[PDB]
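# first portion of the complex, with coordinates as positioned in the assembly:
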Amino acid sequence: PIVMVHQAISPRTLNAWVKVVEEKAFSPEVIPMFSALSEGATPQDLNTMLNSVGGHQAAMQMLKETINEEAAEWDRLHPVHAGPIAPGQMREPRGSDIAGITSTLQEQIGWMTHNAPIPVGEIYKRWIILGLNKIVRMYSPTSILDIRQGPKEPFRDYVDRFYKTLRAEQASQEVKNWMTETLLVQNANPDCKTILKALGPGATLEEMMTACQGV
């Protein structure tokens, strides 16, 4: 990473990433952990992290297709200019330079370090996180429409399932807000559903959980 001078990615950081992928597969929390293990990383470092994954190769191919798309959008949105690079400047970074394919570690340290800086590590990380989100959507087992409280399921476990499935869903904040605003009370079991309908449309989750607590 870069912290300002450049460090190598640590054996502990990399190892941590590997163990995360092995254990948690592609659960949502994988992405923050990644974003934490990859904080201040260069495209070489990120490439190292993705490469360290054995197995899960289908997902990885999806991810590099996403990276390809974002790199091409970068290229069309940033047309390269022809001409000799001045002494005090650096060349213009292509989409492949953001993904670490056609760029050296010194060039990455250059763009991140030299002034008027381009944060290629954070741009590449953004693309990677896009692909990862698409993957978590891909491998999510459930859909929020199918989370229904059981007749003998305590309210709390039903809310755990509900907001896990909701974390996994592909929707804007307004659509998720609508799903909370509608399905949670709608798809509780008859008893808790009557209690919550008696609370009103403006009660907080704390009040709803305390209300259906003994139930």
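Cool, got the structure. Residues are numbered from 1 along each chain as shown, chains lettered A, B, ... in the order given.
# any idea how chain A splits into domains?
Split into domains by curated CATH domains, chain A comes to A:1-143, A:144-215.
# what are the boundaries of the helices in chain A?
A:11-24, A:30-37, A:43-51, A:57-77, A:95-98, A:105-113, A:120-139, A:155-168, A:173-186, A:190-199, A:205-211 (DSSP state H).
# tell me the contacts of residue A:17?
A:33, A:34, A:37, A:38, A:49, A:52 (Cβ atoms under 8 Å, 6 or more residues apart in numbering). Where C-beta positions appear, they are placed from N, C-alpha and C, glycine not excepted.
# redo that, cut-off 10 Å
A:9, A:30, A:33, A:34, A:36, A:37, A:38, A:48, A:49, A:50, A:52, A:53 (Cβ atoms under 10 Å, 6 or more residues apart in numbering).
# among these, the buried ones, what's the PyMOL command?
Of these, the buried ones go into a single PyMOL selection, burial set by 16 or more other Cβ atoms under 10 Å:
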select buried, chain A and resi 9+30+33+34+37+38+48+49+50+53
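# residue A:131: which of the contacts of residue A:17 is nearest?
For these, the closest approach to residue A:131 (Cβ to Cβ) belongs to residue A:50, at 9.6 Å.
# count the neighbours of residue A:93 for me.
Close neighbours of residue A:93, defined as other Cβ atoms under 10 Å, add up to 21.
# quick one: residues contacting it.
So residue A:93 contacts A:43, A:74, A:78, A:80, A:102-103, A:107-108, A:110-111, A:118, A:120, A:123 (Cβ under 10 Å, 6+ apart).
# same question for residue A:155.
Residue A:155 makes contacts with A:149, A:188-189, A:191-192, A:195-196, A:208-215, as judged by Cβ under 10 Å, 6+ apart.
# now do the contacts for the closest residue to residue A:211 other than its chain neighbours.
Of all residues not flanking residue A:211 in the chain, residue A:195 sits nearest, at 5.3 Å (Cβ to Cβ, 6 or more residues apart in numbering). For residue A:195, the contact set (Cβ under 10 Å, 6+ apart) comprises A:155, A:185, A:188, A:208, A:211, A:212, A:214, A:215.
# name the pair among the residues you listed with the greatest separation in space.
Across those, no pair lies farther apart than A:185 and A:214, at 18.1 Å, counting by Cβ to Cβ.
# chain B follows; place it on the structure:
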Amino acid sequence: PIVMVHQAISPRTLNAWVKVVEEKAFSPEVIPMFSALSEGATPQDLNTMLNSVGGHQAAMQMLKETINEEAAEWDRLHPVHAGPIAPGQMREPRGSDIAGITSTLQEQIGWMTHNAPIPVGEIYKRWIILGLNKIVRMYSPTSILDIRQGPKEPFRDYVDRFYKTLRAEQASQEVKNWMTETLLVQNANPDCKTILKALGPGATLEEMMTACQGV
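Chain B now in position relative to the chains above:
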């Protein structure tokens, strides 16, 4: 975190937090450990810590509702002023800027680092700890009124149960002082209760435990 320059949150700190949540669920000691693992953290770091939790999603939703309330109270209590930000200054932080939603890492490092500083990491941490306290109250099994010494329970185990349940209770220092002042002696078993009533209302816990030791 920030220690003055900015570090990334370490794989060991994050991993420690994750293991704490897995093992201890939402016991009181979770909150100090958090406050220790999150010492000097940015809202991005705190967001990373909360995001790293798989499962327990109901509690997390409660927590972000708490964060929403505290952010809105901040917003009404700090009305934003319209006008162009001067060169030597920074913009005014909204409630969403405290929670890391609408603010960049460089803006957080700005408010914490630049002089006349606003400790947004400690404010956000305060809100988070508020929500966590509400959660520990939520998931506490017992109430202090129900801790009664058993006929064959040694005094020490009864005091362990009593002050654990008392740690979990939602009450001011004066109400807790009253609970110690009344229920502990009141709800001991008849033998120890007679001994402690013989000691008087001004004896220390050391003297009470030494008195009912052989009992």
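# let's see the contacts of residue A:195 again after adding chain B.
A:155, A:185, A:188, A:208, A:211, A:212, A:214, A:215 (Cβ atoms under 10 Å, 6 or more residues apart in numbering or on different chains).
# residue A:140: neighbour count?
The number of residues packed near residue A:140 is 18, by other Cβ atoms under 10 Å in any protein chain shown.
# looking at it, it is touching residue A:146, isn't it?
No - the criterion here is Cβ atoms under 10 Å, and residue A:140 misses it with residue A:146 at 11.4 Å.
# so what sits against both of those two?
residue A:165.
# ok, back up a step: which of the contacts of residue A:195 come close to chain B?
A:155, A:208 (Cβ under 10 Å from any Cβ of the partner chain).
# restrict the contacts of residue A:195 to the buried ones and give me that as a PyMOL selection.
Remark: buried members of the contacts of residue A:195, expressed as a PyMOL selection using 16 or more other Cβ atoms under 10 Å in any protein chain shown:
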select buried, chain A and resi 155+185+188+208+211+212
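# which among the contacts of residue A:195 gets closest to chain B?
residue A:155 (8.5 Å; Cβ to the nearest Cβ).
# tell me how far the closest one lies from residue A:76.
As judged by Cβ to Cβ, to the nearest Å, residue A:155 and residue A:76 stand 51 Å apart.
# with residue A:212 instead?
53 Å.
# I'd guessed residue A:95 sits against residue A:79; true?
No - applying Cβ under 10 Å as the test, residue A:95 and residue A:79 come out as separate, 11.7 Å apart.
# so which of these two has more stuff around it?
Under the criterion of other Cβ under 10 Å, the comparison of residue A:95 against residue A:79 puts residue A:95 first, with 23 against 7.
# excluding sequence neighbours, find me the nearest residue to that one.
Excluding its sequence neighbours, the residue lying closest to residue A:95 (Cβ to Cβ, 6 or more residues apart in numbering or on different chains) is residue A:71, at 2.8 Å.
# from chain B, how far off is the nearest residue to residue A:140 once chain neighbours are set aside?
Excluding the flanking residues, the one nearest residue A:140 by Cβ to Cβ, 6+ apart is residue A:168, at 3.9 Å. Distance of residue A:168 to chain B, given as Cβ to the nearest Cβ, to the nearest Å: 10 Å.
# wouldn't residue A:168 be in contact with residue A:135 here?
No - contact criterion Cβ under 10 Å: residue A:168 and residue A:135 do not qualify, at 11.2 Å.
# okay, now chain C:
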Amino acid sequence: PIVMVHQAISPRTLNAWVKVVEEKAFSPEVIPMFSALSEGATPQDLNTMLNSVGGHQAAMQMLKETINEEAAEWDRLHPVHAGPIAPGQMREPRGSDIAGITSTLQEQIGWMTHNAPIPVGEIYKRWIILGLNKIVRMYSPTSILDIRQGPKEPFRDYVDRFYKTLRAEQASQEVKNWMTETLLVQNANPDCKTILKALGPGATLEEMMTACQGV
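The block that follows adds chain C to the chains above:
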């Protein structure tokens, strides 16, 4: 801690403390380990360490009663003066300021860092260690008067038991010196007791253990 600038307490230091309390309960060695894990700590750090303990709540209540007593003795022994604090100075620390209750981390770093310094971390640590000693006395199973060598117990195991129980006892160096000077030889089994009585009152433990070695 503070090492001069202020660090946060590490996940490894805290975790180590927690494991010590879990495994060794309240054995004497707990207190040095504490004093080692808490070296150069602030009252916030010490509070974090005590708070990280789940269970053992009776002992913790005893400990905060001890802290209360030492804080009140500090308060009566250091009467606060009324008047406006000058620019180049800091306020006077109360007993509650030593225990981290009514003081900020910056105020603690102030008293420890600013010149004419008050080591509030070492004072608070002294109070805590007082309470811990009282606890180790509380939970010690044995009394030094009851350590008697068995008929078939090797001398070395008897000395191990003897000086463990002696480590746990509440007595000045002169009283412990008397206990060594009397009970160790007095309460050995008849054979070793006759050997040691034949050595004389001025022989060292090395000579006593070598004498009763084959026995």
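# let's see the contacts of residue A:195 again after adding chain C.
Per Cβ under 10 Å, 6+ apart, neighbours of residue A:195: A:155, A:185, A:188, A:208, A:211, A:212, A:214, A:215.
# now those residues as a markdown table including distance to residue B:179?
Listed next are the contacts of residue A:195 as a markdown table, based on distance: Cβ to Cβ, whole Å:
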| residue | distance to residue B:179 |
| --- | --- |
| A:155 | 29 |
| A:185 | 37 |
| A:188 | 36 |
| A:208 | 29 |
| A:211 | 26 |
| A:212 | 28 |
| A:214 | 24 |
| A:215 | 29 |
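# closest to residue C:57 among those residues?
Among the contacts of residue A:195, and counting by Cβ to Cβ, the member closest to residue C:57 is residue A:214, at 27.1 Å.
# so what's the closest one up against?
The contact partners of residue A:214, taken as Cβ under 10 Å, 6+ apart, are A:154, A:155, A:195.
# what sits against the residue in chain A that chain C sits nearest to?
Nearest residue of chain A to chain C: residue A:12, at 12.6 Å (Cβ to the nearest Cβ). Under the criterion of Cβ under 10 Å, 6+ apart, the neighbours of residue A:12 are A:37, B:10, B:11, B:12, B:15.
# need the max-distance pair from those residues.
A:37 and B:12 (11.2 Å).
# what's the overlap in contacts for these two?
With Cβ under 10 Å, 6+ apart as the test, residue A:37 and residue B:12 both reach A:12, A:13, A:16.
# do I have it right that residue A:191 meets residue A:212?
Yes - using Cβ under 10 Å, residue A:191 is in contact with residue A:212, at 7.9 Å.
# pull up the residues of chain A that are close to chain C.
Residues of chain A lying near chain C (Cβ under 10 Å from any Cβ): none found.
# and of the contacts of residue A:195, the nearest to residue A:177?
The closest of these, once distances to residue A:177 are taken by Cβ to Cβ, is residue A:185, at 13.7 Å.
# ok, the closest one touching residue A:192?
Yes - between residue A:185 and residue A:192 there is a contact at 8.7 Å, judged by Cβ under 10 Å.
# got any residues that touch both of those two?
residue A:208.
# contact partners for residue A:4?
By Cβ under 10 Å, 6+ apart, residue A:4 lies in contact with A:40, A:109, A:112, A:113, B:5, B:6.
# just the buried residues of those.
Judged by 16+ other Cβ under 10 Å, buried ones among these: A:40, A:109, A:112, B:6.
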